[PDB]
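Text of the file run.cif, holding mmCIF, C-alpha atoms and all ligand atoms:
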```cif
data_model
#
loop_
_atom_site.group_PDB
_atom_site.id
_atom_site.type_symbol
_atom_site.label_atom_id
_atom_site.label_comp_id
_atom_site.auth_asym_id
_atom_site.auth_seq_id
_atom_site.Cartn_x
_atom_site.Cartn_y
_atom_site.Cartn_z
ATOM 1 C CA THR P 1 -0.160 -64.679 5.974
ATOM 2 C CA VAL P 2 0.527 -62.405 3.007
ATOM 3 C CA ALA P 3 2.787 -59.499 3.895
ATOM 4 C CA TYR P 4 3.308 -56.678 1.443
ATOM 5 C CA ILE P 5 6.748 -55.113 1.502
ATOM 6 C CA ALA P 6 7.819 -51.905 -0.244
ATOM 7 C CA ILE P 7 11.361 -51.714 -1.604
ATOM 8 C CA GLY P 8 12.961 -48.342 -2.183
ATOM 9 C CA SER P 9 16.538 -47.570 -3.138
ATOM 10 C CA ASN P 10 18.079 -44.153 -3.667
ATOM 11 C CA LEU P 11 21.453 -45.351 -4.961
ATOM 12 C CA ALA P 12 22.780 -43.811 -8.153
ATOM 13 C CA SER P 13 23.079 -47.424 -9.328
ATOM 14 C CA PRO P 14 20.266 -49.298 -7.541
ATOM 15 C CA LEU P 15 19.573 -52.378 -9.705
ATOM 16 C CA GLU P 16 21.909 -54.897 -8.020
ATOM 17 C CA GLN P 17 20.919 -53.543 -4.664
ATOM 18 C CA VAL P 18 17.249 -54.181 -5.392
ATOM 19 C CA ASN P 19 17.919 -57.580 -6.964
ATOM 20 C CA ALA P 20 20.084 -58.569 -3.974
ATOM 21 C CA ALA P 21 17.312 -57.371 -1.670
ATOM 22 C CA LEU P 22 14.806 -59.562 -3.510
ATOM 23 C CA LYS P 23 17.155 -62.525 -3.189
ATOM 24 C CA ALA P 24 17.478 -61.833 0.535
ATOM 25 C CA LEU P 25 13.697 -61.560 0.973
ATOM 26 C CA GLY P 26 13.359 -64.923 -0.738
ATOM 27 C CA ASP P 27 15.876 -66.399 1.704
ATOM 28 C CA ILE P 28 13.821 -65.451 4.765
ATOM 29 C CA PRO P 29 12.827 -68.639 6.632
ATOM 30 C CA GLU P 30 9.185 -69.774 6.886
ATOM 31 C CA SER P 31 8.431 -67.509 3.928
ATOM 32 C CA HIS P 32 8.382 -67.346 0.136
ATOM 33 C CA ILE P 33 7.826 -64.642 -2.445
ATOM 34 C CA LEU P 34 4.420 -64.824 -4.108
ATOM 35 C CA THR P 35 4.994 -62.026 -6.563
ATOM 36 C CA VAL P 36 7.011 -58.905 -7.258
ATOM 37 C CA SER P 37 5.686 -55.782 -8.968
ATOM 38 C CA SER P 38 7.304 -54.064 -11.918
ATOM 39 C CA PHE P 39 10.174 -51.736 -11.041
ATOM 40 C CA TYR P 40 9.137 -48.087 -10.938
ATOM 41 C CA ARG P 41 11.002 -44.806 -11.004
ATOM 42 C CA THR P 42 10.299 -41.764 -8.831
ATOM 43 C CA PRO P 43 12.132 -38.410 -8.651
ATOM 44 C CA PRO P 44 14.395 -37.402 -5.748
ATOM 45 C CA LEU P 45 12.883 -35.354 -2.917
ATOM 46 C CA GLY P 46 13.758 -31.656 -2.959
ATOM 47 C CA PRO P 47 16.839 -30.965 -5.133
ATOM 48 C CA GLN P 48 16.561 -32.623 -8.549
ATOM 49 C CA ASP P 49 20.290 -33.204 -9.087
ATOM 50 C CA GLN P 50 20.015 -36.412 -7.030
ATOM 51 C CA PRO P 51 19.382 -39.991 -8.198
ATOM 52 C CA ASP P 52 15.841 -41.208 -8.841
ATOM 53 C CA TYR P 53 14.355 -43.783 -6.488
ATOM 54 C CA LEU P 54 13.705 -47.313 -7.711
ATOM 55 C CA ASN P 55 10.410 -48.500 -6.151
ATOM 56 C CA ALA P 56 8.723 -51.902 -6.050
ATOM 57 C CA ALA P 57 6.299 -53.991 -4.022
ATOM 58 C CA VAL P 58 6.649 -57.623 -2.945
ATOM 59 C CA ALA P 59 3.969 -60.037 -1.759
ATOM 60 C CA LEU P 60 5.557 -62.435 0.749
ATOM 61 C CA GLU P 61 3.726 -65.458 2.145
ATOM 62 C CA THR P 62 4.971 -66.044 5.685
ATOM 63 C CA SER P 63 4.228 -67.959 8.883
ATOM 64 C CA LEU P 64 6.460 -65.589 10.871
ATOM 65 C CA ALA P 65 4.956 -63.213 13.419
ATOM 66 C CA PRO P 66 5.017 -59.592 12.228
ATOM 67 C CA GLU P 67 7.871 -58.603 14.544
ATOM 68 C CA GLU P 68 9.882 -61.625 13.386
ATOM 69 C CA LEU P 69 9.475 -60.503 9.782
ATOM 70 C CA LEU P 70 10.623 -57.038 10.896
ATOM 71 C CA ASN P 71 13.773 -58.617 12.330
ATOM 72 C CA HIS P 72 14.554 -59.933 8.869
ATOM 73 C CA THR P 73 13.777 -56.749 6.955
ATOM 74 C CA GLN P 74 15.944 -54.810 9.420
ATOM 75 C CA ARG P 75 18.748 -57.334 9.043
ATOM 76 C CA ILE P 76 18.551 -57.095 5.255
ATOM 77 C CA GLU P 77 18.630 -53.283 5.481
ATOM 78 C CA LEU P 78 21.813 -53.546 7.572
ATOM 79 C CA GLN P 79 23.474 -56.147 5.369
ATOM 80 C CA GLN P 80 22.513 -54.703 1.962
ATOM 81 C CA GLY P 81 22.399 -50.957 2.626
ATOM 82 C CA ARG P 82 23.859 -48.183 4.739
ATOM 83 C CA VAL P 83 23.314 -44.738 6.208
ATOM 84 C CA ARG P 84 24.642 -41.616 4.502
ATOM 85 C CA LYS P 85 27.728 -40.605 6.474
ATOM 86 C CA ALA P 86 26.828 -36.909 6.468
ATOM 87 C CA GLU P 87 23.152 -37.421 7.324
ATOM 88 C CA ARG P 88 23.123 -40.588 9.419
ATOM 89 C CA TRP P 89 19.640 -39.970 10.825
ATOM 90 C CA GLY P 90 18.387 -39.633 7.255
ATOM 91 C CA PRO P 91 17.018 -42.400 5.012
ATOM 92 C CA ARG P 92 19.176 -45.465 4.393
ATOM 93 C CA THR P 93 20.250 -46.415 0.877
ATOM 94 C CA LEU P 94 17.885 -49.404 0.947
ATOM 95 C CA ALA P 95 14.450 -49.199 2.533
ATOM 96 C CA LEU P 96 12.279 -52.238 3.174
ATOM 97 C CA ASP P 97 8.944 -51.357 4.728
ATOM 98 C CA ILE P 98 6.231 -53.755 5.803
ATOM 99 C CA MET P 99 3.195 -51.999 4.327
ATOM 100 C CA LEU P 100 0.631 -54.618 5.315
ATOM 101 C CA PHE P 101 0.661 -57.879 7.229
ATOM 102 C CA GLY P 102 -2.433 -59.834 6.366
ATOM 103 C CA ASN P 103 -5.368 -57.933 7.833
ATOM 104 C CA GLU P 104 -3.456 -57.229 11.035
ATOM 105 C CA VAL P 105 -3.226 -53.840 12.704
ATOM 106 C CA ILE P 106 -0.048 -53.380 14.721
ATOM 107 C CA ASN P 107 1.041 -50.436 16.843
ATOM 108 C CA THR P 108 4.089 -51.235 18.943
ATOM 109 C CA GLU P 109 7.298 -49.418 19.780
ATOM 110 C CA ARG P 110 9.052 -51.170 16.883
ATOM 111 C CA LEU P 111 6.259 -51.543 14.356
ATOM 112 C CA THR P 112 3.239 -49.752 12.916
ATOM 113 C CA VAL P 113 1.198 -51.610 10.307
ATOM 114 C CA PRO P 114 -0.386 -50.575 8.032
ATOM 115 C CA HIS P 115 2.495 -48.259 7.187
ATOM 116 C CA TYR P 116 1.443 -44.930 8.704
ATOM 117 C CA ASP P 117 1.716 -42.869 5.519
ATOM 118 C CA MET P 118 1.197 -45.341 2.671
ATOM 119 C CA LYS P 119 -2.278 -44.031 1.738
ATOM 120 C CA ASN P 120 -0.643 -40.702 0.864
ATOM 121 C CA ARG P 121 2.161 -42.218 -1.208
ATOM 122 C CA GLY P 122 1.627 -43.082 -4.858
ATOM 123 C CA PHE P 123 5.048 -44.677 -4.979
ATOM 124 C CA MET P 124 3.800 -47.286 -2.498
ATOM 125 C CA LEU P 125 0.192 -47.593 -3.668
ATOM 126 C CA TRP P 126 0.757 -48.089 -7.403
ATOM 127 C CA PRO P 127 3.173 -51.009 -7.224
ATOM 128 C CA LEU P 128 0.904 -52.558 -4.593
ATOM 129 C CA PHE P 129 -2.102 -52.101 -6.896
ATOM 130 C CA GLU P 130 -0.221 -53.878 -9.702
ATOM 131 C CA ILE P 131 0.176 -57.042 -7.607
ATOM 132 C CA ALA P 132 -2.994 -56.782 -5.469
ATOM 133 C CA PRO P 133 -5.636 -54.748 -7.339
ATOM 134 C CA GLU P 134 -8.476 -56.094 -5.148
ATOM 135 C CA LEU P 135 -6.751 -55.267 -1.865
ATOM 136 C CA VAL P 136 -8.854 -53.990 1.037
ATOM 137 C CA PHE P 137 -7.132 -52.377 4.034
ATOM 138 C CA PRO P 138 -7.826 -53.514 7.614
ATOM 139 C CA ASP P 139 -10.079 -50.459 8.146
ATOM 140 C CA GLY P 140 -12.217 -51.509 5.181
ATOM 141 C CA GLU P 141 -10.956 -48.938 2.687
ATOM 142 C CA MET P 142 -10.358 -50.322 -0.800
ATOM 143 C CA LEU P 143 -7.013 -49.752 -2.517
ATOM 144 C CA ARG P 144 -8.867 -49.063 -5.779
ATOM 145 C CA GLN P 145 -10.952 -46.342 -4.086
ATOM 146 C CA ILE P 146 -7.914 -44.647 -2.534
ATOM 147 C CA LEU P 147 -6.064 -44.393 -5.872
ATOM 148 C CA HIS P 148 -9.203 -43.303 -7.700
ATOM 149 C CA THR P 149 -10.633 -40.758 -5.212
ATOM 150 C CA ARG P 150 -7.258 -39.259 -4.319
ATOM 151 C CA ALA P 151 -6.412 -39.036 -8.024
ATOM 152 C CA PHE P 152 -2.737 -40.032 -7.847
ATOM 153 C CA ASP P 153 -0.519 -39.601 -10.884
ATOM 154 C CA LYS P 154 0.810 -42.913 -12.168
ATOM 155 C CA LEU P 155 4.501 -43.790 -11.904
ATOM 156 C CA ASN P 156 6.902 -44.302 -14.800
ATOM 157 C CA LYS P 157 8.511 -47.737 -15.100
ATOM 158 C CA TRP P 158 12.207 -47.982 -14.249
HETATM 159 CL CL CL P 201 -6.045 -49.463 7.506
#
```
Encoding of this model in structure tokens:
Amino acid sequence: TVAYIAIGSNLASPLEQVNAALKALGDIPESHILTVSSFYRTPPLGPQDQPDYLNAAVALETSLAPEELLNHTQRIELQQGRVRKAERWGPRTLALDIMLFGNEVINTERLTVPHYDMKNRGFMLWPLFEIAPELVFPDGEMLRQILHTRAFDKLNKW
């Protein structure tokens, strides 16, 4: 099954973090990376005196069950990133999100796929569109139609 995974880092110096994350994704058993999007840049949320986000999408071929893949993305998040000590409930430094898992729809305590908000997020949709322009969501909606109708601004490359 092809899983699509979003990578997002908010480190002031995110490159090695993202490259290490890609290495780790490629080390996941029963899986291999099919392709990786370009690296994109998005602005911080709220105050602008914060670091930009580095965003990318990864297509991963896997024979793991969705929850098993989640185990690995969670592990990689723990091993390669951290919480902010002042805002521990907040976002981690490295985020790996399973955007799509084949054509599967999943709604469990641990896992919701497709990612619940991805259709509203250009920073997820554009890198995905670079590596899977013909993608159709499980509900039948076309990625091309979402980007076109909703008129997202494009993202700058990292
Ligand atoms: Cl869907």
Problem set entry | Spatial neighbours of segment 107-119 of chain P, max dist 12 Å, only C-alpha atoms, sep filter under 3 positions, as a count of residues only | 46
List the residues matched by the PyMOL selection byres (((chain P and resi 12) around 8) and not hetatm) in the displayed structure as a PDB file with C-alpha atoms, keeping the file's coordinate frame, ordered by chain and then by residue number.
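For reference, result.pdb as written:
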```
ATOM      1  CA  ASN P  10      18.079 -44.153  -3.667  1.00  0.00           C
ATOM      2  CA  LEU P  11      21.453 -45.351  -4.961  1.00  0.00           C
ATOM      3  CA  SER P  13      23.079 -47.424  -9.328  1.00  0.00           C
ATOM      4  CA  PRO P  14      20.266 -49.298  -7.541  1.00  0.00           C
ATOM      5  CA  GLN P  50      20.015 -36.412  -7.030  1.00  0.00           C
ATOM      6  CA  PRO P  51      19.382 -39.991  -8.198  1.00  0.00           C
ATOM      7  CA  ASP P  52      15.841 -41.208  -8.841  1.00  0.00           C
TER       8      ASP P  52
END
```
| field | Test item: the PyMOL selection byres (((chain P and resi 39-45) around 8) and not hetatm) resolved as a list in words | value |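 So the PyMOL selection byres (((chain P and resi 39-45) around 8) and not hetatm) ends up selecting residues 10, 37, 38, 46, 47, 48, 49, 50, 51, 52, 53, 54, 55, 56, 123, 127, 155, 156, 157 and 158 of chain P.
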Separation of atom CA of residue 105 of chain P and atom CA of residue 1 of chain P, in Å?
->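 If I compute the distance from atom CA of residue 105 of chain P to atom CA of residue 1 of chain P, I get 13.1 Å.
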Q. Could you spell out the hits of the PyMOL selection byres (((chain P and resi 25-31) around 8) and not hetatm) on the shown file, as number ranges by chain?
A. P: 21-24, 32-33, 60-64, 72-73, 76
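Coordinates place atom CA of residue 86 of chain P at a distance of 26.4 Å from atom CA of residue 121 of chain P.
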Between P:2, P:18, P:135, P:58, single out the one closest to ligand CL 201 (chain P), counting all atoms listed in the file.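 Of the candidates, the smallest distance to ligand CL 201 (chain P) is held by P:135.
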Write out as an mmCIF file with C-alpha atoms, in the frame of the given file the residues lying within 12 Å of residue 84 of chain P, counting only C-alpha atoms and excluding same-chain residues fewer than 3 positions away.
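Resulting contents of around.cif:
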```cif
data_model
loop_
_atom_site.group_PDB
_atom_site.id
_atom_site.type_symbol
_atom_site.label_atom_id
_atom_site.label_comp_id
_atom_site.auth_asym_id
_atom_site.auth_seq_id
_atom_site.Cartn_x
_atom_site.Cartn_y
_atom_site.Cartn_z
ATOM 1 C CA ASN P 10 18.079 -44.153 -3.667
ATOM 2 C CA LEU P 11 21.453 -45.351 -4.961
ATOM 3 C CA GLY P 81 22.399 -50.957 2.626
ATOM 4 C CA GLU P 87 23.152 -37.421 7.324
ATOM 5 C CA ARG P 88 23.123 -40.588 9.419
ATOM 6 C CA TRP P 89 19.640 -39.970 10.825
ATOM 7 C CA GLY P 90 18.387 -39.633 7.255
ATOM 8 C CA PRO P 91 17.018 -42.400 5.012
ATOM 9 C CA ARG P 92 19.176 -45.465 4.393
ATOM 10 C CA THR P 93 20.250 -46.415 0.877
ATOM 11 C CA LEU P 94 17.885 -49.404 0.947
#
```
Atom CA of residue 36 of chain P sits from atom CA of residue 16 of chain P at a separation of 15.4 Å
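Distances here use all atoms listed in the file; by that measure, the residue among P:132, P:95, P:82, P:120 closest to residue 59 of chain P is P:132.
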Residue with the minimum atom-to-atom distance to ligand CL 201 (chain P), picked from P:153, P:140, P:57, P:17 with all atoms listed in the file counted, is P:140
*Pick from P:134, P:78, P:106, P:154, whichever lies nearest to ligand CL 201 (chain P) using only C-alpha atoms and all ligand atoms*: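 Closest candidate: P:106.
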To test the calculation: enclose all listed atoms of segment 109-112 of chain P in a box whose edges run along x, y and z, add 3 Å on each side, then state centre and edge lengths in Å to one decimal, as lines of an AutoDock Vina configuration file.
```
center_x = 6.1
center_y = -50.5
center_z = 16.3
size_x = 11.8
size_y = 8.1
size_z = 12.9
```
File output for segment 109-158 of chain P (N, CA and C atoms) as a PDB file, in the first residue's frame:
```pdb
ATOM      1  N   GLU P 109      -9.123   5.465  18.022  1.00  0.00           N
ATOM      2  CA  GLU P 109      -8.650   6.330  19.085  1.00  0.00           C
ATOM      3  C   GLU P 109      -7.265   6.896  18.774  1.00  0.00           C
ATOM      4  N   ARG P 110      -6.422   6.104  18.116  1.00  0.00           N
ATOM      5  CA  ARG P 110      -5.051   6.526  17.840  1.00  0.00           C
ATOM      6  C   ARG P 110      -4.902   7.252  16.509  1.00  0.00           C
ATOM      7  N   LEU P 111      -5.789   6.961  15.561  1.00  0.00           N
ATOM      8  CA  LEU P 111      -5.511   7.287  14.162  1.00  0.00           C
ATOM      9  C   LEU P 111      -6.738   7.702  13.355  1.00  0.00           C
ATOM     10  N   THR P 112      -6.639   8.851  12.700  1.00  0.00           N
ATOM     11  CA  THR P 112      -7.642   9.290  11.742  1.00  0.00           C
ATOM     12  C   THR P 112      -6.959   9.533  10.409  1.00  0.00           C
ATOM     13  N   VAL P 113      -7.389   8.784   9.400  1.00  0.00           N
ATOM     14  CA  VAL P 113      -6.893   8.905   8.039  1.00  0.00           C
ATOM     15  C   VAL P 113      -8.115   8.881   7.129  1.00  0.00           C
ATOM     16  N   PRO P 114      -8.174   9.770   6.127  1.00  0.00           N
ATOM     17  CA  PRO P 114      -7.211  10.834   5.818  1.00  0.00           C
ATOM     18  C   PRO P 114      -7.016  11.830   6.963  1.00  0.00           C
ATOM     19  N   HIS P 115      -5.869  12.491   6.994  1.00  0.00           N
ATOM     20  CA  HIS P 115      -5.638  13.495   8.014  1.00  0.00           C
ATOM     21  C   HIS P 115      -6.830  14.442   8.023  1.00  0.00           C
ATOM     22  N   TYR P 116      -7.353  14.722   9.215  1.00  0.00           N
ATOM     23  CA  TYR P 116      -8.629  15.421   9.368  1.00  0.00           C
ATOM     24  C   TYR P 116      -8.684  16.816   8.752  1.00  0.00           C
ATOM     25  N   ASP P 117      -7.538  17.472   8.614  1.00  0.00           N
ATOM     26  CA  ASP P 117      -7.537  18.862   8.172  1.00  0.00           C
ATOM     27  C   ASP P 117      -6.759  19.091   6.877  1.00  0.00           C
ATOM     28  N   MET P 118      -6.233  18.028   6.273  1.00  0.00           N
ATOM     29  CA  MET P 118      -5.302  18.220   5.159  1.00  0.00           C
ATOM     30  C   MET P 118      -5.903  18.979   3.970  1.00  0.00           C
ATOM     31  N   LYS P 119      -7.211  18.859   3.754  1.00  0.00           N
ATOM     32  CA  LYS P 119      -7.839  19.509   2.597  1.00  0.00           C
ATOM     33  C   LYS P 119      -7.906  21.021   2.759  1.00  0.00           C
ATOM     34  N   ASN P 120      -7.615  21.496   3.968  1.00  0.00           N
ATOM     35  CA  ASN P 120      -7.573  22.931   4.250  1.00  0.00           C
ATOM     36  C   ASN P 120      -6.154  23.473   4.341  1.00  0.00           C
ATOM     37  N   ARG P 121      -5.166  22.616   4.105  1.00  0.00           N
ATOM     38  CA  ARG P 121      -3.773  22.987   4.339  1.00  0.00           C
ATOM     39  C   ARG P 121      -2.909  22.915   3.085  1.00  0.00           C
ATOM     40  N   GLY P 122      -2.621  24.073   2.502  1.00  0.00           N
ATOM     41  CA  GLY P 122      -1.779  24.125   1.325  1.00  0.00           C
ATOM     42  C   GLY P 122      -0.420  23.508   1.573  1.00  0.00           C
ATOM     43  N   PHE P 123       0.088  23.654   2.792  1.00  0.00           N
ATOM     44  CA  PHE P 123       1.421  23.145   3.074  1.00  0.00           C
ATOM     45  C   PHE P 123       1.475  21.616   3.041  1.00  0.00           C
ATOM     46  N   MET P 124       0.315  20.969   3.155  1.00  0.00           N
ATOM     47  CA  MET P 124       0.245  19.522   2.963  1.00  0.00           C
ATOM     48  C   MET P 124      -0.101  19.177   1.518  1.00  0.00           C
ATOM     49  N   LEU P 125      -1.079  19.884   0.959  1.00  0.00           N
ATOM     50  CA  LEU P 125      -1.580  19.555  -0.376  1.00  0.00           C
ATOM     51  C   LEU P 125      -0.567  19.767  -1.506  1.00  0.00           C
ATOM     52  N   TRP P 126       0.204  20.850  -1.448  1.00  0.00           N
ATOM     53  CA  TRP P 126       1.099  21.147  -2.568  1.00  0.00           C
ATOM     54  C   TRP P 126       2.236  20.143  -2.704  1.00  0.00           C
ATOM     55  N   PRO P 127       2.921  19.821  -1.596  1.00  0.00           N
ATOM     56  CA  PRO P 127       3.963  18.798  -1.751  1.00  0.00           C
ATOM     57  C   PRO P 127       3.386  17.444  -2.186  1.00  0.00           C
ATOM     58  N   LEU P 128       2.209  17.110  -1.684  1.00  0.00           N
ATOM     59  CA  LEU P 128       1.525  15.903  -2.119  1.00  0.00           C
ATOM     60  C   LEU P 128       1.237  15.922  -3.627  1.00  0.00           C
ATOM     61  N   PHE P 129       0.743  17.055  -4.105  1.00  0.00           N
ATOM     62  CA  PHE P 129       0.440  17.230  -5.526  1.00  0.00           C
ATOM     63  C   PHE P 129       1.684  17.114  -6.418  1.00  0.00           C
ATOM     64  N   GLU P 130       2.835  17.543  -5.903  1.00  0.00           N
ATOM     65  CA  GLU P 130       4.090  17.369  -6.633  1.00  0.00           C
ATOM     66  C   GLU P 130       4.427  15.898  -6.890  1.00  0.00           C
ATOM     67  N   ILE P 131       4.193  15.037  -5.903  1.00  0.00           N
ATOM     68  CA  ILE P 131       4.545  13.626  -6.045  1.00  0.00           C
ATOM     69  C   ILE P 131       3.390  12.714  -6.490  1.00  0.00           C
ATOM     70  N   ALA P 132       2.157  13.204  -6.375  1.00  0.00           N
ATOM     71  CA  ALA P 132       0.970  12.440  -6.756  1.00  0.00           C
ATOM     72  C   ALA P 132      -0.098  13.341  -7.367  1.00  0.00           C
ATOM     73  N   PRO P 133       0.189  13.940  -8.531  1.00  0.00           N
ATOM     74  CA  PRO P 133      -0.752  14.906  -9.113  1.00  0.00           C
ATOM     75  C   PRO P 133      -2.124  14.310  -9.458  1.00  0.00           C
ATOM     76  N   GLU P 134      -2.195  13.004  -9.684  1.00  0.00           N
ATOM     77  CA  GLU P 134      -3.445  12.363 -10.092  1.00  0.00           C
ATOM     78  C   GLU P 134      -4.185  11.754  -8.912  1.00  0.00           C
ATOM     79  N   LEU P 135      -3.767  12.093  -7.700  1.00  0.00           N
ATOM     80  CA  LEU P 135      -4.362  11.493  -6.509  1.00  0.00           C
ATOM     81  C   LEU P 135      -5.859  11.785  -6.368  1.00  0.00           C
ATOM     82  N   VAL P 136      -6.606  10.748  -5.997  1.00  0.00           N
ATOM     83  CA  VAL P 136      -8.016  10.861  -5.656  1.00  0.00           C
ATOM     84  C   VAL P 136      -8.185  10.371  -4.220  1.00  0.00           C
ATOM     85  N   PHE P 137      -8.891  11.151  -3.407  1.00  0.00           N
ATOM     86  CA  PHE P 137      -9.107  10.806  -2.001  1.00  0.00           C
ATOM     87  C   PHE P 137     -10.102   9.658  -1.884  1.00  0.00           C
ATOM     88  N   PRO P 138     -10.148   9.001  -0.714  1.00  0.00           N
ATOM     89  CA  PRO P 138     -11.108   7.901  -0.536  1.00  0.00           C
ATOM     90  C   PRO P 138     -12.568   8.300  -0.791  1.00  0.00           C
ATOM     91  N   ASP P 139     -12.933   9.551  -0.518  1.00  0.00           N
ATOM     92  CA  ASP P 139     -14.306  10.006  -0.736  1.00  0.00           C
ATOM     93  C   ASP P 139     -14.583  10.391  -2.188  1.00  0.00           C
ATOM     94  N   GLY P 140     -13.579  10.246  -3.048  1.00  0.00           N
ATOM     95  CA  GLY P 140     -13.769  10.482  -4.470  1.00  0.00           C
ATOM     96  C   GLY P 140     -13.311  11.846  -4.952  1.00  0.00           C
ATOM     97  N   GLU P 141     -13.050  12.752  -4.017  1.00  0.00           N
ATOM     98  CA  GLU P 141     -12.560  14.081  -4.372  1.00  0.00           C
ATOM     99  C   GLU P 141     -11.153  14.011  -4.966  1.00  0.00           C
ATOM    100  N   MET P 142     -10.909  14.803  -6.001  1.00  0.00           N
ATOM    101  CA  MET P 142      -9.623  14.795  -6.673  1.00  0.00           C
ATOM    102  C   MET P 142      -8.723  15.864  -6.073  1.00  0.00           C
ATOM    103  N   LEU P 143      -7.471  15.505  -5.794  1.00  0.00           N
ATOM    104  CA  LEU P 143      -6.502  16.478  -5.296  1.00  0.00           C
ATOM    105  C   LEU P 143      -6.423  17.712  -6.197  1.00  0.00           C
ATOM    106  N   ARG P 144      -6.374  17.495  -7.509  1.00  0.00           N
ATOM    107  CA  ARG P 144      -6.325  18.609  -8.455  1.00  0.00           C
ATOM    108  C   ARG P 144      -7.519  19.557  -8.293  1.00  0.00           C
ATOM    109  N   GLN P 145      -8.705  19.006  -8.045  1.00  0.00           N
ATOM    110  CA  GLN P 145      -9.903  19.837  -7.898  1.00  0.00           C
ATOM    111  C   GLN P 145      -9.870  20.649  -6.602  1.00  0.00           C
ATOM    112  N   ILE P 146      -9.407  20.029  -5.525  1.00  0.00           N
ATOM    113  CA  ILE P 146      -9.281  20.727  -4.246  1.00  0.00           C
ATOM    114  C   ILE P 146      -8.353  21.946  -4.335  1.00  0.00           C
ATOM    115  N   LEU P 147      -7.163  21.763  -4.905  1.00  0.00           N
ATOM    116  CA  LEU P 147      -6.211  22.861  -5.052  1.00  0.00           C
ATOM    117  C   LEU P 147      -6.731  23.954  -5.978  1.00  0.00           C
ATOM    118  N   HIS P 148      -7.406  23.536  -7.039  1.00  0.00           N
ATOM    119  CA  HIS P 148      -7.919  24.462  -8.035  1.00  0.00           C
ATOM    120  C   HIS P 148      -9.139  25.249  -7.524  1.00  0.00           C
ATOM    121  N   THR P 149     -10.178  24.539  -7.077  1.00  0.00           N
ATOM    122  CA  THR P 149     -11.391  25.182  -6.570  1.00  0.00           C
ATOM    123  C   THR P 149     -11.133  26.062  -5.354  1.00  0.00           C
ATOM    124  N   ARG P 150     -10.317  25.572  -4.427  1.00  0.00           N
ATOM    125  CA  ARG P 150     -10.081  26.283  -3.178  1.00  0.00           C
ATOM    126  C   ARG P 150      -9.031  27.381  -3.343  1.00  0.00           C
ATOM    127  N   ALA P 151      -8.382  27.389  -4.506  1.00  0.00           N
ATOM    128  CA  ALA P 151      -7.518  28.493  -4.921  1.00  0.00           C
ATOM    129  C   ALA P 151      -6.380  28.787  -3.943  1.00  0.00           C
ATOM    130  N   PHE P 152      -5.700  27.734  -3.491  1.00  0.00           N
ATOM    131  CA  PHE P 152      -4.550  27.885  -2.607  1.00  0.00           C
ATOM    132  C   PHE P 152      -3.423  28.655  -3.276  1.00  0.00           C
ATOM    133  N   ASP P 153      -2.726  29.469  -2.488  1.00  0.00           N
ATOM    134  CA  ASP P 153      -1.455  30.044  -2.905  1.00  0.00           C
ATOM    135  C   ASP P 153      -0.425  28.926  -2.931  1.00  0.00           C
ATOM    136  N   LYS P 154       0.497  28.984  -3.880  1.00  0.00           N
ATOM    137  CA  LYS P 154       1.600  28.035  -3.912  1.00  0.00           C
ATOM    138  C   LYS P 154       2.592  28.318  -2.799  1.00  0.00           C
ATOM    139  N   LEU P 155       3.455  27.343  -2.520  1.00  0.00           N
ATOM    140  CA  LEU P 155       4.482  27.484  -1.492  1.00  0.00           C
ATOM    141  C   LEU P 155       5.840  27.770  -2.118  1.00  0.00           C
ATOM    142  N   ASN P 156       6.663  28.552  -1.426  1.00  0.00           N
ATOM    143  CA  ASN P 156       8.026  28.787  -1.884  1.00  0.00           C
ATOM    144  C   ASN P 156       8.872  27.566  -1.536  1.00  0.00           C
ATOM    145  N   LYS P 157       9.838  27.244  -2.387  1.00  0.00           N
ATOM    146  CA  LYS P 157      10.791  26.181  -2.102  1.00  0.00           C
ATOM    147  C   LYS P 157      11.684  26.591  -0.940  1.00  0.00           C
ATOM    148  N   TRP P 158      12.146  25.605  -0.174  1.00  0.00           N
ATOM    149  CA  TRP P 158      13.085  25.858   0.910  1.00  0.00           C
ATOM    150  C   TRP P 158      14.361  26.493   0.379  1.00  0.00           C
TER     151      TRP P 158
END
```
